[PDB]
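>>> next one to model:
(2 chains, ligands or ions: 2)
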Amino acid sequence: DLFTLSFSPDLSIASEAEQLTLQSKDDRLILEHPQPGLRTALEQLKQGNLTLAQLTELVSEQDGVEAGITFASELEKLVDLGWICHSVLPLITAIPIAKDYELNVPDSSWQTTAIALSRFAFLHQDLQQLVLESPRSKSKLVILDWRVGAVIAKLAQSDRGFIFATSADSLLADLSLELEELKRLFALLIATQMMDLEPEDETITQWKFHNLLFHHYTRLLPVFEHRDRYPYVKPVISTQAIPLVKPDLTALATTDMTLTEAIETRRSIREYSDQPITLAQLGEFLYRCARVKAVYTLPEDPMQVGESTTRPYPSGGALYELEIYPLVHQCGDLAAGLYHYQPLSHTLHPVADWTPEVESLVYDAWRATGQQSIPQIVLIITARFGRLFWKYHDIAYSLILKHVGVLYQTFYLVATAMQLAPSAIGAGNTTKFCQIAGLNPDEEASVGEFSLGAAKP
Amino acid sequence: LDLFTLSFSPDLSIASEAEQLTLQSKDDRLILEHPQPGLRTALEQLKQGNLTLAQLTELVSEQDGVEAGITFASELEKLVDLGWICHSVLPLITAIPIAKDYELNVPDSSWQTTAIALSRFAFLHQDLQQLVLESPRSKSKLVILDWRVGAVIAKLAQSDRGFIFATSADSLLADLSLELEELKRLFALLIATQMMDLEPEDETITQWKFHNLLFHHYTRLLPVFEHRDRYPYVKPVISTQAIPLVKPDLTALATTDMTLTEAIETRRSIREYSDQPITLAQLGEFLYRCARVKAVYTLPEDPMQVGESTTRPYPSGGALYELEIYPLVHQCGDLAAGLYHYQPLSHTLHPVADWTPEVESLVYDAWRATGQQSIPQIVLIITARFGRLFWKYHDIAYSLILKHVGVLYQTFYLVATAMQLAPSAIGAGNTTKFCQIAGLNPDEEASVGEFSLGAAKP
Ligand SMILES: Cc1cc2nc3c(=O)[nH]c(=O)nc-3n(C[C@H](O)[C@H](O)[C@H](O)COP(=O)(O)O)c2cc1C
Ligand SMILES: Cc1cc2nc3c(=O)[nH]c(=O)nc-3n(C[C@H](O)[C@H](O)[C@H](O)COP(=O)(O)O)c2cc1C
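Numbers count the residues shown, from 1 in each chain, chains lettered A, B, ... in the order given. Ligands and ions are numbered 1, 2, ... in the order given. Coordinates below:
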């Protein structure tokens, strides 16, 4: 009905003398002894330039009227699986992106009702073609004609209320599109959840564009080709290294706080004591939190992972991508500046001295901690993205954030066990740290911050 | 050559007082007393926003003097750097700054004979009541004042291979009524605002997906809890039939349980579960030690009207713990198969659905995501009631939720290690399947994490 039906490009059509297979990635559908015409209708759906009425007529020409009605009933089964694209030629093509697919041609009242483009719909270049996408939609709109882009630009630029019955004349005057083409285009836009028939919704008003997009995309064999580029430990920044103490963990396995006691007594302490946190305390903290316990290589890894490290915290598929930069503003045995921590050698190498840029970062952390007292150490957790981006297409950054949270909890518990003053940070400036430390922001950028010091008795 | 219109930023506040003049922004403010008439005329025309830098310089030179004109031309670059000046090609497009240390560089004329293409991170969307082109790699935001610019961007994105202006500009000038000079100004602005790629992207950026880079750029850059009554401190009880959970003596566990160092050094992801499933008392102790409610309090002087807030064994941004735990049980000691919801204040379990094929589908998804090791015993699904946290944090809300999920993962790992359980986090799951299972709005509460728990073999 008022749409041209085409099979999804990922669908494979296996033609046998007495059976027929339609193969997708997740599932497949096989049917035995198909009468001709049904096979002809499926072949022309693979061609994908006919209407449902035309396909039903093709079935009826060879099989009969009852078989045509049966095929008309059968087609919605394939529509539900998301195997059938709906197009207004040659203007736009909706391809499904999710199962349990449903297309709903709206009532004619849309022509006299105020509408607007969803603020979650966005136009971008998928590869070599312009596409309209939305997290609120189970469809993906390939734009075949730039005049559709002009229509979208006109109505997004339009006022809050767009009434088709009154404003369609301006569109027919500025563009060469016919009225029926425009009505089909707007109908498909509304049906693919790209348009708002209602004025506003209280549940989605709280959501931001990037937040909702990230939530929808992350919540739904590769090879590490750049393994030589991204090693397990980051190459040494500066060879001048300050050693850190290594505590005997066997004695601390009995001297330290009980896990239950540490969990029940942990609190965020932002008022630091007068005696700053010592370098030995920082060394013990880093050794108990983010050290390298052992370096291993899987005996049979098809992904060419090579060497991977084990650390006190977990990470998705190993591939520990977190570096710790202990920016020191006030330490007992160290001068002010930004440093970098190496987990395998248990050393810290300086990155920058006490420049007003490092001071800007310190001031940001101090304001984010509530301006209770002057920070002593600020650990900045940075993510070398090339470590795991190859293995996870969409779920990479959420995994990185969850690892940052794990590291936050470990920091909290260890600092509570060491009578320190821990406090996580909500967010920071990634470009400022990219400038201070000289990093490739598309290859390694800061993703977390934590404030650490000494707590008064 | 200078070919852009300078306007005052809409985000900037102009304080016009007697004998003084103030330009107020969020990060910085610039005040100046005794302003000369030429500077005043230039600032007024910048408020108008219809002159180029050369025109403003000439006006300042005619009103205050030539040296004063040069001084104003030097001074205006500092205001441009702070992101206070928008650059527009009227009436086609206006670039507004969105980041400090702002800089606009008119590209060399060679761009007309060089192949270019639209950045795949540039996206058009409707913001407020106007069309806007944005990009995480750009320091600017383009307000599209004319739909013909949208048609140009559509033709450019639709165009295949490389687009060379010198060869293909004739088709754009013939299909649309835009003038050649207007088209060159538009393309110059697009190239200068990092919206166009003259090089084949880069190997480091190819690793990045659109949504990941957008989220990373937006998150890593007093409100009032108006809807507090809709999103309370504990979620309202789903079903009145409630199963109680065992409360362990935490004063005794404060000395009997293993040390924190022992738990951190012994912890590991265990996926091979025992033949004897995890009991209900173990699940109760686990939930009581991980995500129970310890106390309900109210801030003595809270201007945000936060109201009631709870304390819990794990930390969370600004308190207001918005995470709920649904323990989907496939095989437990004294609990039938089905989905449940954990109430931490009463320390209870309330059923949500029985062993339906969709609960089994969730179990199958978790089992495949955990490597198909034995059979899963309990799967905790961590969900986030967004309305409790979204009011306070606009952009960093979801990142805070993910970090909270990570904190809860680490707490689960440590407590399960201390209790000789079999913990294992899960990378991702199906949020819409869980939304279909439990009658919840996915825009108000949706699954954001998964964890698998069972018993470890001796
Ligand atoms: C992800 C995350 C970010 C946080 N960011 C901040 C912050 O920016 N400033 C701050 O004072 N506390 C921050 N905190 C700590 C919380 O404010 C703290 O958990 C809460 O205010 C008090 O909980 P407590 O019992 O640990 O003291 C953060 C905690 C987490 C988990
Ligand atoms: C955020 C996150 C997600 C994870 N997702 C999975 C998963 O989906 N499947 C799985 O088997 N393990 C998962 N894990 C556990 C890791 O695979 C595990 O840490 C690693 O493979 C082995 O480390 P460990 O045995 O020392 O704990 C996840 C861990 C984290 C932190």
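
>>> contact partners of stretch A:82-89?
A:3-8, A:11, A:22, A:24, A:45, A:48-49, A:75, A:78, A:93-101, A:103, A:138, A:144, A:181, A:184-185, A:188 (C-beta atoms under 8 Å, 6 or more residues apart in numbering or on different chains). Just so you know, the C-beta spots here come from the backbone N, C-alpha and C atoms, and that holds for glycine as well.

>>> and chain B, which of these contact it?
Restricting those to those near chain B by C-beta under 8 Å from any C-beta of the partner chain leaves residue A:98.

>>> in PyMOL, select just the buried ones from the contacts of stretch A:82-89.
Restricted to buried positions by 16 or more other C-beta atoms under 10 Å in any protein chain shown, the PyMOL selection for the contacts of stretch A:82-89 reads:
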select buried, chain A and resi 3+4+5+6+7+8+11+22+45+48+75+78+93+94+95+96+101+103+138+144+181+184+185+188
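
>>> if I look at residue A:63, how far off is ligand 2?
48 Å (C-beta to the nearest ligand atom, to the nearest Å).

>>> check contacts around that residue.
Counting by C-beta under 8 Å, 6+ apart, the residues that residue A:63 touches are A:35-38, A:71.

>>> could you do residue A:185 as well?
Counting by C-beta under 8 Å, 6+ apart, residue A:185 has contacts A:88, A:91-92, A:148, A:151, A:177.

>>> quick check: which element contains it?
helix A:179-191 (DSSP states H and E).

>>> after that helix, next one along is what?
Remark: after helix A:179-191, the chain's next helix or strand is strand A:195-196, criterion DSSP H and E.

>>> and stretch A:300-318, end to end?
End-to-end distance for stretch A:300-318: 15 Å, by C-alpha to C-alpha, to the nearest Å.

>>> ok, it near chain B or not?
Yes: shown here: stretch A:300-318 in contact with chain B (C-beta under 8 Å from any C-beta) through A:312-314, A:316.

>>> among the residues you listed, who's most crowded?
residue A:313 (24 neighbours; other C-beta atoms under 10 Å in any protein chain shown).

>>> does that one really touch residue A:404, like I thought?
No: the pair residue A:313 / residue A:404 is not scored as a contact, 10.0 Å apart, by C-beta atoms under 8 Å.

>>> from residue A:231, how far off is residue A:307?
7 Å (C-beta to C-beta, to the nearest Å).

>>> how about the residues of chain A by ligand 1?
A:267-268, A:270, A:368-370, A:408, A:423-426 (C-beta under 6 Å from any ligand atom).

>>> can you rerun that using 8 Å?
Within chain A, the positions lying close to ligand 1 (C-beta under 8 Å from any ligand atom) are A:266-270, A:368-370, A:404-405, A:408-409, A:412, A:423-427.

>>> for ChimeraX, write the selection for the buried entries among these.
Typed into ChimeraX, the line below selects the buried ones among those, using 16+ other C-beta under 10 Å:
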select /A:266,269,270,368,369,404,405,408,409,412,423,424,425,426,427
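
>>> narrow the contacts of stretch A:82-89 to those in helices?
A:45, A:75, A:78, A:181, A:184-185, A:188 (DSSP state H).

>>> which among the contacts of residue A:185 gets closest to chain B?
Checking the contacts of residue A:185 against chain B with C-beta to the nearest C-beta, the nearest one is residue A:148 at 7.6 Å.

>>> okay, now that closest one: neighbour count?
29.

>>> show me how far whatever helix or strand it lives in is from its chain's centre.
Applying DSSP H and E as the criterion places residue A:148 in helix A:146-157. Its chain's C-alpha centre and that of helix A:146-157 lie 28 Å apart, by C-alpha atoms, centre = their mean, to the nearest Å.

>>> ok, residues contacting the next helix or strand after it?
Sequence-wise, the next helix or strand downstream of helix A:146-157 (DSSP H and E) is helix A:164-174. Helix A:164-174 is contacted from outside by A:110-112, A:115, A:150-151, A:154, A:158, A:177, A:179, A:182-183, A:186, B:147, using C-beta under 8 Å, 6+ apart.

>>> 10 Å - rerun?
Under the contact criterion C-beta atoms under 10 Å, 6 or more residues apart in numbering or on different chains, helix A:164-174 has outside partners A:110-115, A:147, A:150-151, A:154-155, A:158-159, A:161-162, A:177-179, A:182-183, A:185-186, B:147-148, B:151, B:177.

>>> so which bits of it are buried?
Neighbour-count burial for helix A:164-174 flags A:164, A:167-168, A:171, A:174 (criterion: 16+ other C-beta under 10 Å).

>>> SS state for the residue of chain A found nearest chain B?
Nearest residue of chain A to chain B (C-beta to the nearest C-beta) works out as residue A:405 at 2.2 Å. With DSSP: H, G, I helix; E, B strand; the rest coil as the basis, the three-state label of residue A:405 is helix.

>>> let me see the contact set for it.
A:313, A:424, A:448, B:314-315, B:399-410, B:449 are the contacts of residue A:405 under C-beta under 10 Å, 6+ apart.
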